[PDB]
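For reference, the structure discussed in these notes is given below.
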Amino acid sequence: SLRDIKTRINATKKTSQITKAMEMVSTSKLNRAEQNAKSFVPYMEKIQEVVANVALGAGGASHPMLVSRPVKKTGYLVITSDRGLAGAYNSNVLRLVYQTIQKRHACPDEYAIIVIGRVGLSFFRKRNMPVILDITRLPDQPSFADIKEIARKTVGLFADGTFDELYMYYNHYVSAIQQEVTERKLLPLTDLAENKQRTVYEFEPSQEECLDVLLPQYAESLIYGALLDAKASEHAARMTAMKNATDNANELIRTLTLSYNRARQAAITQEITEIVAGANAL
Amino acid sequence: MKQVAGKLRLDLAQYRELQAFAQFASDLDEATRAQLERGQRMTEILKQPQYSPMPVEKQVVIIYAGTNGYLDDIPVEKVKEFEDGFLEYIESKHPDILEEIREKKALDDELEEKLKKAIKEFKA
Amino acid sequence: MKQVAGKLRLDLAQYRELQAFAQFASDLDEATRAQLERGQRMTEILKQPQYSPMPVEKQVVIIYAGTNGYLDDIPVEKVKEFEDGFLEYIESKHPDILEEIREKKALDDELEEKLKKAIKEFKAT
Amino acid sequence: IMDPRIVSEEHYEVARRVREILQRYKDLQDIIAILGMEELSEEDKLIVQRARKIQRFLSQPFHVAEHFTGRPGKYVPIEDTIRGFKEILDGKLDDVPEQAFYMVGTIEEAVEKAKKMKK
Amino acid sequence: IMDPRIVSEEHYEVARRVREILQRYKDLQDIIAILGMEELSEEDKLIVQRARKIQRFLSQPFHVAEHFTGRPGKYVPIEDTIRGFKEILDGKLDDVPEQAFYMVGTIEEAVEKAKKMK
């Protein structure tokens, strides 16, 4: 029926308008997020250089964050968006974190889970999996002070000896169209480097009291770096997904419109034929 | 009937405006959800089996409950069950509400209807 | 008109394409911002009130003013006031430019118009 | 007849500013529904509130319809229609609730109504 | 004859639930075309899988069609039709492939057709 095609056209046009609106606001968010992530690179490099050269340059091997420890209880940090419509961005990280724990121990008393984003929690709640720490409705332009609490608490749970190892599951902005899930461990410290140079520091404070402040600052900065990359990949994923959705909506509108035109044009020539036959019949 | 018809009309009009983009709901603002939830429930009250005319005082008593939010807290699937149970409760005990609406035809006596309703929602 | 119309068509083509994507205030780079402002200013030069035809010689000098970037520092809201003021300045004390365009139908030496226009810009915006 | 040569410059300018702010609000109601209203800029946030007051300020109670709703009915002269929309558009009257502009006649009646609603 | 006064409560309820799930699936084939299936909610995701199983469980090999279907032919009693659709609607058969419901007369057959494929 022509009415079914016409009502389907109005609905698809509304979806096209909806997808284009979300694509442009996400494009605007990406332009800033890409620059923001790049702007913190010199801070992320400077903090990694001072914590590494202070810890590796005869900074001791028995310190709780640097020393080797047997593993029984493991912590997991998952990063997800507070809203959807970003394609496989959330499903990829949620599936890989679930399958990686399932491949060793699925029991909720062995591991510890931490989630950032409403979609991530909603998934674990429906999956019947508990969480220790949670954070939602974060701004699209995150500042260190917005996550300073969960960052200080997550590193604190390891410093207090409640976790033997801590892992992070999040997407990375490899390119403007392709992004992939990444797995890395926050603590203990394993990414060693050579004693090539040494920076200036005070002689009075003990090495342990220094590491107990500067190394957590590095971990907290790394959490912010992962979040900046997550925001860039989220905004890029929502933009590229809504671009494909807008393109799909347009081919559907084109094809439906040709069927609406053919159905209407086919009906009009028949009415003209009835006028001819009717007038000739008198 | 007019008084309660009015609130129903605004609630449905707003729901029709929102449903065009109701496709996504986990992303919609919690405020938009209030509009969606109310609209879904008012739709349910309108559902009726064939050969089942409801008397005007009862239609008033149920639309009043949905429009003032008293059916809003009930789950969407449970609303149809709650409707019959509430109407049997109002007729079986304290039938004075149904008697007054038939005579005056103008309400203005809602304090008792509210308090008498809270006694039903307390456990059923 | 051919000596300046070619520039107008190329500038508006660039603006008409990027104008949609650059809907936000300043997210695009300088290389596209320059196109956007030029397109907006040329669009202001294209506006004209009812029952007020503009003669070909005056059309050539206003279109020549926009397509060579002399309006690139004038605020968008002042382009219309600049057009009325500049045309009255050229007609009231520089009729030689208008009479040359009317008889030759081509631009030979533009040097006089560049110098006479700079004098208007420095004395009365 | 909506030309400066047939109606006042103030009439033409206000009617233009009204159609423009209404259209701008229409271009944003998708974003206001899918994303939080807390994501809209300061300028757009004020543009939305003014469009919201203007949309209902166009409403008027009729004498022939007083029996239906019980509202007395109003006649507004051209000078007060132009003055009313101009005062809303110019942002003078902002700290007044949207409910005060629905069914009121002139803008002084909206200002007293704000107080009648204790606000 | 499709009235609560002429057919059993169980028959009326099963037919109601079948017509509704198929209409909900018909209302979603546009959204599934514009957005990825991973963007649909869990409820809509299950509704699609159940509607997919139901549309082919409605298929049956006829005795008069053995030349076209390549299968023996089957006759199904009303009791096994109602029991069959109720068992799919109630989600007892969520862990069974859609392909097992095609060209089988009864529900017990669908389950052995799943066994014939590891």
Residue, nearest to A:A245 (Cα to Cα), within the stretch A:66-86, restricted to residues that are of a type outside the set (K, R), within 14 Å of chain B (Cβ to nearest Cβ) and touching a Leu at 6+ places or on another chain (Cβ under 9 Å): A:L85
Which residue, of C:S52, C:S92, C:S26, is out of contact with any strand residue (DSSP E or B) (no Cβ under 6 Å at 6 or more places or on another chain), within 30 Å of A:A21 (Cβ to Cβ) and surrounded by fewer than 17 Cβ atoms within 10 Å (Cβ to Cβ)? C:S26
Report yes if some residue within the stretch D:80-89 is in a helix (DSSP H, G or I), without any contact (Cβ under 8 Å) to a residue 24 or more places away in the chain, closer than 23 Å to D:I21 by Cα and among the charged types (D, E, K, R); otherwise report no. yes
Quick one: A:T19 ticks every box in (1) out of contact with any helix residue (DSSP H, G or I) (no Cβ under 6 Å at 6 or more places or on another chain); (2) within 12 Å of chain D (Cβ to nearest Cβ); (3) under 22 Å from A:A236 (Cβ atoms) bar one, so which box is it? (1)
Being of a type in the set (G, A, S), farther than 30 Å from A:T136 by Cβ, in a loop (DSSP other than H, G, I, E, B) and away from chain A (no Cβ under 14 Å): is that true of D:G105 here? yes
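For every residue, the table says whether it meets (1) loosely packed, with under 14 Cβ neighbours inside 10 Å; (2) not small (G, A, S).
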site	(1), (2)
E:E10	yes, yes
E:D30	no, yes
E:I34	no, yes
E:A51	no, no
Among the candidates A:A159, A:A151, A:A112, which residue alone is among the small types (G, A, S), touching a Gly at 6+ places or on another chain (Cβ under 8 Å) and either closer than 30 Å to D:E39 by Cα or in contact (Cβ under 8 Å) with a residue 40 or more places away in the chain (or both)? A:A112
Name the residues in the stretch A:23-80 that are of a type in the set (S, T, N, Q) and within 30 Å of A:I177 (Cβ to Cβ), would you? A:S26, A:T27, A:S28, A:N31, A:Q35, A:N36, A:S39, A:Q48, A:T80
Subset of the stretch A:255-282, residues among the β-branched types (V, I, T) and either touching a strand residue (DSSP E or B) at 6+ places or on another chain (Cβ under 9 Å) or within 12 Å of chain E (Cβ to nearest Cβ) (or both), comes to A:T255
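Every residue, every condition in (1) under 30 Å from E:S41 (Cα atoms); (2) touching a residue at least 24 places away in the same chain (Cβ under 8 Å), yes or no:
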site: B:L28; (1), (2): yes, no
site: B:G39; (1), (2): yes, yes
site: B:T43; (1), (2): yes, yes
site: B:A65; (1), (2): no, yes
site: B:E103; (1), (2): no, no
site: B:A124; (1), (2): no, yes
Do you know which residues across the stretch B:1-53 are of a type in the set (D, E, K, R) and more than 14 Å from chain A (Cβ to nearest Cβ)? B:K2, B:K7, B:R9, B:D11, B:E37, B:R38, B:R41, B:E44, B:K47
Taking the options A:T154, A:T199, A:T182, name whichever one is under 25 Å from A:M65 (Cα atoms), more than 20 Å from the chain's Cα centre (by Cα) and away from chain E (no Cβ under 14 Å). A:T199
Count - residues of the stretch A:29-65 that are within 14 Å of chain D (Cβ to nearest Cβ) and surrounded by fewer than 17 Cβ atoms within 10 Å (Cβ to Cβ): 1
Residue tally, condition under 14 Å from E:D30 (Cα atoms) and charged (D, E, K, R), over the stretch A:228-251: 2
Check A:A249, A:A230, A:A263 and return the single one that is in contact (Cβ under 8 Å) with a residue 24 or more places away in the chain and more than 45 Å from the chain's Cα centre (by Cα). A:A263
Restricting the stretch A:141-168 to residues that are part of a loop (DSSP other than H, G, I, E, B) and not small (G, A, S), the one surrounded by the most Cβ atoms within 10 Å (Cβ to Cβ) turns out to be A:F163
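Select from the stretch A:206-254 the residues that are polar (S, T, N, Q) and more than 14 Å from chain E (Cβ to nearest Cβ) and write down the one among them that is farthest from A:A86 (Cα to Cα).
From the stretch A:206-254, those polar (S, T, N, Q) are A:206-207, A:217, A:221, A:233, A:240, A:244, A:246, A:248, A:250; that's our starting set.
Cutting the leftovers down to more than 14 Å from chain E (Cβ to nearest Cβ) gives us A:206-207, A:217, A:221, A:233.
On the way: A:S206: 48, A:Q207: 45, A:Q217: 31, A:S221: 26, A:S233: 10 Å.
Residue satisfying both the conditions and the ranking: A:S206.
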Among (1) closer than 26 Å to A:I253 by Cα; (2) of a type in the set (A, V, I, L, M, F, W, C); (3) away from chain A (no Cβ under 14 Å), E:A65 falls short only on (1)
Test result for A:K14, within 30 Å of D:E38 (Cβ to Cβ) and assigned to a helix (DSSP H, G or I): yes
Pair list, Cβ under 9 Å, 6 or more apart: the stretch A:70-96 residue touching a residue at least 60 places away in the same chain (Cβ under 8 Å) and of a type in the set (K, R), other residue surrounded by fewer than 23 Cβ atoms within 10 Å (Cβ to Cβ) and assigned to a loop (DSSP other than H, G, I, E, B): A:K72/A:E110; A:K72/A:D164; A:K73/A:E110; A:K73/A:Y111; A:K73/A:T162; A:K73/A:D164
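Out of A:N250, A:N171, which single residue is out of contact with any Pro (no Cβ under 8 Å at 6 or more places or on another chain), in a strand (DSSP E or B) and closer than 30 Å to C:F21 by Cβ?
From the options A:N250, A:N171, the qualifying one is A:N171.
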Please go through the stretch A:1-10 and give me each residue that is assigned to a helix (DSSP H, G or I) and surrounded by fewer than 16 Cβ atoms within 10 Å (Cβ to Cβ), ordered by number. A:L2, A:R3, A:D4, A:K6, A:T7, A:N10
Looking at (1) buried (at least 16 other Cβ atoms within 10 Å of the Cβ); (2) acidic (D, E); (3) within 21 Å of C:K114 (Cβ to Cβ), which is the only condition C:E44 fails? (3)
Among what's in the stretch A:87-140 and is crowded, with 19+ Cβ neighbours inside 10 Å and at positive phi, pick the residue that is farthest from the other protein chains (Cβ to nearest Cβ). A:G117
In the stretch D:29-52, residues that are within 12 Å of chain A (Cβ to nearest Cβ) and among the charged types (D, E, K, R) total 4
Go through the stretch E:1-28 and give me each residue that's within 14 Å of chain A (Cβ to nearest Cβ) and not polar (S, T, N, Q). E:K26, E:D27, E:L28
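Note: ideal-geometry Cβ built from the backbone for every residue, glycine included; neighbour counts use all protein chains shown. Laboratory data are not the source of any read-out in this text; all were calculated from the coordinates shown.
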